[PDB]
């Protein structure tokens, strides 16, 4: 059984067109496949059944697939899905209520234990709820030969870069998680205790943790005062040097830390509003953590509305130009916490000649504020090397493979339950079963305290993948590990320990700090050689947007293979997200520029993994079909009135069917091959000719299925072939 994930936004809409096609082909080969609704709307419905009519209820597909990942064999095609910010959860709740799905309001401040439990249910739904539960395995992300050869044959622009390019990252120097980090390997299984001790007040037990034999636990904090001084410093450096102010966080997955960090940026930039209106904004229930969008919604009803708006205008005037998400709608990099996400936002910036957009959609060289230095140094290096050697030439450069440590919520991706905001000046102490003081921190009011767990089987497995992949291909493999970080220093000892079990003859490997590892991998791919990155859970994410965007245009054209520790497979339809922007263009203009190429390729490896006589026949033929797809350049176009996602589904269908008539399954596919060849022009015209009008999908987070299929499946003659 293959499970296909129904998710959100762009891939959700693609799936309305592509799934019936996948389905037609697998059914005819007696291969079993279904969908699972892990959409943000579906997850919410599945979690509040007691509020719903029976036909409204949704199975807890997150729980079902979580179980499946631990089973001796599982086959999941995982499409990108929303890691919700609060403003997205609030918008999804609304959309459901308005449609008579009667789910409860988010209580910001619960009155009773009833409202307490409801806030805690929604809190589990916020942020990266799905990926950390499904990722019961480490990660292989790489560009298939045929996809790289497409990039080389059909090169995108990586813009223009020189010593005159004034684009720069800005990160804190002391005060950040990197500076304050401590770590410990645990040889024996002990139980930990995290207690706060305020210089006046009672002690408090913040957290209890089961630690197992082998686990690396770290602890750290960011200083609210260093953060606040750094934000002011970073704002005045922007204004001085005439750089556009841009802020790149992870307020999605980092669902406790990064909205808090994000709120300091909003309080910091607009400090005169949070001074003149401290009490009015409090009374209106304004949390700066939610962005300007929630603030402007909350001051619609305030006697001081216009006086608040004239104050913004006065601040914008004294301040450096703010990076915009949407210039036409006045939406800023500080309107909604989920809109600018570092992994996607920094490489779009780098490709566009280090330019981002201002109020008037003018492209302007940017200050890239990334508070923590741990990963900021990666973009610094990348930026240094673009200035020295010019842009990375997609037609010339070699390919970065990533072996990413993920399994069992490794490193900062399991930190949400272990992140706390310090109520008052005090100290954190952390103790074991015996009662030994393992960590201690002098912390202050507003300080962001955090810990992390990375276990031994995850680390041990992650080495085997990098070793085995390097023996397979001959490529150099760099472990990106900063000896100036305690967490990293513990991983070096653990890699070194584990490599003593392996024959290191043939295994070309270095260990470099992320800064140095970046210049070495850039140096290697300029020459045109392939290289392997062996990284942590966050670099896994950052690097498989960075290099893939530079080398292929979008990270969605990558393979993303997760060999689950219990022997299943999860295959992710690229290294990208749910591309909300593609949705805006589908609504307004009936053109989806979403490329499904990562879905095609996920499906190829899903079939190899199935490994049935027919699965291998459909895999080998689909691979040939995708090669033809890339040779004939069928990938969607961007402008309305040009062929889109739907047309590309058609061309893959035609090519797949054709390729299957050459195989032992030919008789089965002969009529489909002929019917799609003979209707090529008629079908392409049916799909094009609906483009250039706005469309009613009946929703955004939850579509009206009838309307979504009419928009995504608008070709009667393709439909009559496919069903």
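Positions refer to the first chain, counted from 1.
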Item checked: 110-118 set against 588-596, stretch whose average Cα temperature factor tops the other in the entry -> 110-118
Notebook entry, point to check: Would 166-174 or 144-152 have the larger average of its C-alpha temperature factors, as given in the entry?
Noted result: 166-174
Next item on the list: Return the residue from 218, 136, 306, 551 that has the highest Cα B-factor in the entry.
Entry: 306
Note to self: By the CA temperature factor listed in this entry, which of these ranks top: 346, 129, 610, 197?
What the structure shows: 197
Notebook entry, point to check: So where's residue 710 on the chain's Cα temperature factor ranking, which third?
Noted result: highest
Checklist line | Cα B factor band for residue 692 (lowest, middle or highest third within the chain) | finding: highest
Checklist line | Record-listed C-alpha B factor of residue 372: chain third | finding: middle
Check: Mind checking which third residue 511 falls in for C-alpha B-factor across the chain?
Finding: middle
Check: Taking the C-alpha B-factors as the PDB entry records them, is residue 547 in the lowest, middle or highest third of its chain?
Finding: lowest
